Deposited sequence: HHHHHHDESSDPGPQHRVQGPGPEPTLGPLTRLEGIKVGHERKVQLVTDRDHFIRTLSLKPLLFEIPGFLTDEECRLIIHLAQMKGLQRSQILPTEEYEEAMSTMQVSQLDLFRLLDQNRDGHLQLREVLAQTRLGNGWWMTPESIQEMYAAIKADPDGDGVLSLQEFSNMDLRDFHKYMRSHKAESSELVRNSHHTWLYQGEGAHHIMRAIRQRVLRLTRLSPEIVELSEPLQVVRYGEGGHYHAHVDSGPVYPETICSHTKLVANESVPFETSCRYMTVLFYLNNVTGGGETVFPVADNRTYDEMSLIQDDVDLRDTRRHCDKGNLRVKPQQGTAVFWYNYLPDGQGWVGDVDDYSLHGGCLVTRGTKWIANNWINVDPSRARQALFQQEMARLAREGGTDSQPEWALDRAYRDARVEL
């Protein structure tokens, strides 16, 4: 028993409220959407603090955000059971949008209509070349040929799901006083318990170079009664079943002005319904943030010092964490000129209140013991 989780009311799109986060000046929280519940705070960071974060990130050294895949995907399905899973509309034919909807099949590579049809042509999977695999065409191909194509596929990071470099910065005791003042500022903003905030993932600093992108995704995975949160798991490192990120909130800081592109897109923000049938189509995949940013419902233009933040889950009706909010779908749009620097604070809450409770009060046990 920890008490109800604070969830800020969006009230309506465009609602601005004064908030006091620093004694010096006033800040203003603007509601950008309700689905997902998404806010914006101009000037959350000073120009000096942005430049400090970048420099601390550069001094540590960045690494490729996503490893270049070397293989096909692995997870027990017979070939036809895979067909039945892919054929959403059950017409005996795999349309491009149905293949596109299973991006995990790319095993890290981002699939496009062109990349799919180029693979079809290489392994001769589509004899009549219409972009559709009928049941006969699907059953007529040896999946070993598909595997061999994935094993030898050589492509650039612009063909990945995630195309950026990043690192992490500590914010607890023993860190630069500015890095710790920022954590206290996030704590004062989200009005969550100090335990929750100071136990979440360290600050991630991301550099998008000219040409970088991050196709649209959600920050936290589904909630089953057996899913396991990495932040709450006793073992420092594992490759367990059901491991997932349990990020209650995402706080995103724009560390610089971007000369061209680089927006954050929420493709279905405040859309009346959420329908993957129109999200992913043969001609337009709204998750592609290299091609179709301009068609998403809402974009946030990077502005130095601005923080945007949003909840990744719905409420559950009792003050804790509900299902994931499908509308929190978001990506990093293609950077056309210059580099884009951002930082994100993820607030971790286990969807099981009892499991989170055992993680907090024992993380305090070890501070006393150690």
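Note: segments 1 to 25, 101 to 105, 401 to 421 of the deposited sequence have no C-alpha coordinates in the structure.
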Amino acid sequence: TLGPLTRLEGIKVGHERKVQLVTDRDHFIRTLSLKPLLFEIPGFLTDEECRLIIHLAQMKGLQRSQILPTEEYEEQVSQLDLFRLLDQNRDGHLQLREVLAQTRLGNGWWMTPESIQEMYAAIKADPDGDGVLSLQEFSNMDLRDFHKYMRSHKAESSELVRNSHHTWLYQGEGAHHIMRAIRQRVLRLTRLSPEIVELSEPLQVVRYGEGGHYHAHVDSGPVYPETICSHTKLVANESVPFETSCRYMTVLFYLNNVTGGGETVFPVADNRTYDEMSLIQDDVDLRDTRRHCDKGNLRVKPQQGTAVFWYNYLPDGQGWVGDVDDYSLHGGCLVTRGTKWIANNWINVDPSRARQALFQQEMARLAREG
From here on, numbers count along this sequence of modelled residues.
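Judged by mean Cα B factor in the deposited record, 140 to 148 ranks above the other of 140 to 148 and 257 to 265. In this entry, 65 to 73 has the higher mean Cα B-factor, the comparison being between 65 to 73 and 307 to 315. Ranking 175, 218, 94, 206 by the C-alpha B-factor listed in the PDB entry places 175 at the top. Out of 289, 157, 115, 245, the entry records its largest CA B-factor for 245. Residue-level temperature factors show residue 342 in the lowest third of its chain, judged at the C-alpha atom. The PDB entry assigns residue 11 a C-alpha temperature factor belonging to the middle third of its chain's modelled residues. The deposited CA B-factor of residue 224 belongs to the highest third of values across its chain. Among the modelled residues of the chain, residue 235 sits in the highest third by CA temperature factor in this PDB entry. Among all modelled residues in this chain, the alpha-carbon of residue 129 has a temperature factor (C-alpha) in the highest third.
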